[PDB]
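Only one chain is included here, represented as structure tokens and corresponding to the form deposited in one PDB entry.
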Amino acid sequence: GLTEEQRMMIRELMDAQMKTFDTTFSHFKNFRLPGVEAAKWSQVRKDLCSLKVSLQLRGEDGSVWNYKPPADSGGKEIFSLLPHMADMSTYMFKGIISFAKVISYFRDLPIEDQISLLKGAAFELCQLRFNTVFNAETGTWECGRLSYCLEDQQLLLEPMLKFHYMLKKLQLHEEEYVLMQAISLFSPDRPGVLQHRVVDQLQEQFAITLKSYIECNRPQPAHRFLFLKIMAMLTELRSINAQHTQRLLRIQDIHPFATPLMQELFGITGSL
């Protein structure tokens, strides 16, 4: 029950996803690994505690490395995973940027608005892509030969983590994830967007396509209100990206770690 525009639209997004989402992370390599005042630090210590995972690395030859992070002993060991996480984020961001740049609706926008939309939505799209490799039975993001496991059920208090569990519960299709990415990418209200009305119209068409996709392919009474649930999750995603953004900026304030691409997306000038 989708129109021809809508069917073309979903195809173009699925195409962009297929070309730019390295789902086995095969080309994530050369990354760093952990080695072998006052009220800021209290806040940053709390910040880093929420971002805590163990790391497993499965060698192509069959070997396995496992890293268990330290406890907070009041020092600098709380920063040990930041260079690795910066490299993973950077790698995800490159995929996100490539995703946007092959979408016709995005390429047609002026360059400054392209940049403003990517700066506004990079994290959100990264989180949506991470959700598709999140294993909610083991609390593990399965990134090909890398796995990141939550240290350990009072962790669902963390809004990022509650989001991943709730979104995974909806059992979305690939098409529904990529429409979510599009709706978040084409948010007309990001800082610096000039063409508000053009982006808003595009956003509305992505949401209408999603509504129609669901109505036509999900008749089960379990998926009643699925569209509205998804849209409320998108609002939650925006809110937690703002929280997560401020958290990384606090951490970055006292222990620098953003790569140049992360700095670009943050608007960090390299000046002081």
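Position 1 is the first residue in the sequence shown; the rest follow in order. Here the rigid core means the biggest group of C-alpha atoms that line up within 1.5 Å when the two forms are laid on top of each other.
One more form of this protein should be noted, the form solved in complex with a partner chain, which is absent from this view; the next part is about it.
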property	result
Heavy atom distance at most 4.5 Å to its partner chain in the entry with it bound, all of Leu2, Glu5 and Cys216	no
The unique member of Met85, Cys126, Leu155, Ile115 whose heavy atoms fall within 4.5 Å of its partner chain in the entry with it bound	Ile115
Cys149, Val198, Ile97, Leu161 - the one with a heavy atom within 4.5 Å of its partner chain in the entry with it bound	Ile97
Non-hydrogen atom contact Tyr105 with its partner chain in the entry with it bound at 4.5 angstroms	no
Distance check, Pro260 to its partner chain in the entry with it bound, heavy atom within 4.5 Å	yes
4.5 angstroms heavy atom contact with its partner chain in the entry with it bound for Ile111	yes
Out of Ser26, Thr235, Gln243, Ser63, the residue that alone shifts its CA by 2 Å or more between the shown form and the other one when the rigid core is the reference	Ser63
